[PDB]
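Down below is the structure, laid out as structure tokens.
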Amino acid sequence: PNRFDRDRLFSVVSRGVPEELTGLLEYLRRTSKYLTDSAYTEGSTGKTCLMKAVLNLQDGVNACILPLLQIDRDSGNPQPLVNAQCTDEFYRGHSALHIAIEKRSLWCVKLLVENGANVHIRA
């Protein structure tokens, strides 16, 4: 167990099980390869892992997003995976914080804004 693909991270974050995110931890450290890159995401839209996780939420509580954030911030680059968004023709500038507002959840908005998601991004 050294590698996943984008699909299995998407599947895991869809379910929302934190007990597996530990693996993603080491999968961030090696090969100097990060989640903000174009490989751990789709290529058509640009939907990253955080967006995919948010697009399905257990009523109003999740357990996979937060650990993913402190894992990413430990070795992430310029964009804290929260300042990054889609580069699609249909969706340009649309980031995860817009999704969090759209799904009517105070908690996730709180985490995103306190973790470094600046509210100045044009969708």
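Identifiers in this document derive from the order of the structure tokens: chains are assigned A, B, ..., residues are numbered from 1 separately in each chain, and ligands are numbered from 1 in order of occurrence.
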- [ ] Please provide as an NGL selection string all residues within 8 Å of residue A:99, with the sequence filter that same-chain residues fewer than 4 positions apart are discarded (counting only C-alpha atoms).
- [x] :A and (51 or 54-55 or 95 or 103)
Write out the residues from the selection above, keeping C-alpha atoms, as a tab-separated table (two decimals), in the first residue's frame.
```
chain	number	residue	atom	x	y	z
A	51	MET	CA	-15.25	19.84	-3.03
A	54	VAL	CA	-18.56	18.61	0.62
A	55	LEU	CA	-20.93	17.64	-2.23
A	95	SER	CA	-14.52	27.26	-5.02
A	103	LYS	CA	-25.49	23.78	1.36
```
TODO: Find, counting only C-alpha atoms, the residue in A:104, A:47, A:52, A:33 that gets nearest to residue A:10.
DONE: A:52
TODO: Measuring atom to atom with only C-alpha atoms, identify which of A:69, A:121, A:40, A:32 is nearest to residue A:8.
DONE: A:40
TODO: Would you kindly return, as a PyMOL selection string, each protein, DNA or RNA residue with an atom no farther than 9 Å from any atom of stretch 79-81 of chain A, considering only C-alpha atoms and excluding same-chain residues fewer than 3 positions away?
DONE: chain A and resi 35-36+48-50+69+72-73+76+84-85+115-117
If you run DSSP on this backbone, which residues of stretch 30-78 of chain A come out as alpha helix (DSSP H), and could you give them as a PDB file with N, CA and C atoms, in the first residue's frame?
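Result written to part-v6.pdb:
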```pdb
ATOM      1  N   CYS A  49     -10.441  17.324  -3.995  1.00  0.00           N
ATOM      2  CA  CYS A  49     -10.955  16.364  -3.022  1.00  0.00           C
ATOM      3  C   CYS A  49     -11.925  17.013  -2.038  1.00  0.00           C
ATOM      4  N   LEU A  50     -11.613  18.232  -1.584  1.00  0.00           N
ATOM      5  CA  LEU A  50     -12.467  18.907  -0.606  1.00  0.00           C
ATOM      6  C   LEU A  50     -13.864  19.155  -1.160  1.00  0.00           C
ATOM      7  N   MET A  51     -13.947  19.627  -2.405  1.00  0.00           N
ATOM      8  CA  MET A  51     -15.250  19.841  -3.028  1.00  0.00           C
ATOM      9  C   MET A  51     -16.041  18.542  -3.089  1.00  0.00           C
ATOM     10  N   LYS A  52     -15.402  17.467  -3.558  1.00  0.00           N
ATOM     11  CA  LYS A  52     -16.074  16.174  -3.645  1.00  0.00           C
ATOM     12  C   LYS A  52     -16.583  15.728  -2.282  1.00  0.00           C
ATOM     13  N   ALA A  53     -15.792  15.970  -1.235  1.00  0.00           N
ATOM     14  CA  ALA A  53     -16.232  15.630   0.114  1.00  0.00           C
ATOM     15  C   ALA A  53     -17.451  16.449   0.524  1.00  0.00           C
ATOM     16  N   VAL A  54     -17.464  17.741   0.187  1.00  0.00           N
ATOM     17  CA  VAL A  54     -18.559  18.606   0.625  1.00  0.00           C
ATOM     18  C   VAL A  54     -19.850  18.268  -0.118  1.00  0.00           C
ATOM     19  N   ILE A  65     -13.321  15.743   6.480  1.00  0.00           N
ATOM     20  CA  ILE A  65     -12.810  17.003   5.943  1.00  0.00           C
ATOM     21  C   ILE A  65     -11.736  17.610   6.841  1.00  0.00           C
ATOM     22  N   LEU A  66     -12.009  17.764   8.141  1.00  0.00           N
ATOM     23  CA  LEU A  66     -11.059  18.453   9.016  1.00  0.00           C
ATOM     24  C   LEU A  66      -9.690  17.781   9.032  1.00  0.00           C
ATOM     25  N   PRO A  67      -9.575  16.471   9.311  1.00  0.00           N
ATOM     26  CA  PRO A  67      -8.247  15.843   9.273  1.00  0.00           C
ATOM     27  C   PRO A  67      -7.561  16.043   7.943  1.00  0.00           C
ATOM     28  N   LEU A  68      -8.323  15.992   6.850  1.00  0.00           N
ATOM     29  CA  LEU A  68      -7.755  16.291   5.544  1.00  0.00           C
ATOM     30  C   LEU A  68      -7.164  17.696   5.512  1.00  0.00           C
ATOM     31  N   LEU A  69      -7.805  18.659   6.184  1.00  0.00           N
ATOM     32  CA  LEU A  69      -7.226  20.001   6.190  1.00  0.00           C
ATOM     33  C   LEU A  69      -5.919  20.072   6.974  1.00  0.00           C
ATOM     34  N   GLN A  70      -5.840  19.483   8.174  1.00  0.00           N
ATOM     35  CA  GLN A  70      -4.552  19.625   8.870  1.00  0.00           C
ATOM     36  C   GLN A  70      -3.475  18.734   8.252  1.00  0.00           C
ATOM     37  N   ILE A  71      -3.868  17.696   7.511  1.00  0.00           N
ATOM     38  CA  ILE A  71      -2.875  16.957   6.733  1.00  0.00           C
ATOM     39  C   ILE A  71      -2.355  17.808   5.582  1.00  0.00           C
ATOM     40  N   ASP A  72      -3.258  18.470   4.853  1.00  0.00           N
ATOM     41  CA  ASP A  72      -2.836  19.286   3.718  1.00  0.00           C
ATOM     42  C   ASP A  72      -1.981  20.469   4.151  1.00  0.00           C
ATOM     43  N   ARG A  73      -2.378  21.167   5.218  1.00  0.00           N
ATOM     44  CA  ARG A  73      -1.667  22.373   5.625  1.00  0.00           C
ATOM     45  C   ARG A  73      -0.254  22.078   6.113  1.00  0.00           C
ATOM     46  N   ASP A  74       0.021  20.838   6.520  1.00  0.00           N
ATOM     47  CA  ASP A  74       1.340  20.474   7.017  1.00  0.00           C
ATOM     48  C   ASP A  74       2.421  20.551   5.948  1.00  0.00           C
ATOM     49  N   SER A  75       2.099  20.230   4.695  1.00  0.00           N
ATOM     50  CA  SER A  75       3.075  20.295   3.617  1.00  0.00           C
ATOM     51  C   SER A  75       2.514  20.864   2.322  1.00  0.00           C
TER      52      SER A  75
END
```
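Nearest to residue A:16 of all the residues A:58, A:2, A:41, A:31 is A:58, counting only C-alpha atoms.
For the pair atom CA of residue A:15 and atom CA of residue A:57, the interatomic distance is 8.7 Å.
Near residue A:86, within 8 Å and counting only C-alpha atoms, sit residues 45, 46, 47, 84, 88, 91, 92, 93, 94 and 95 of chain A; same-chain residues fewer than 2 positions away were not included.
With distances restricted to only C-alpha atoms, A:37 is the closest residue to residue A:78 from A:37, A:102, A:19, A:5.
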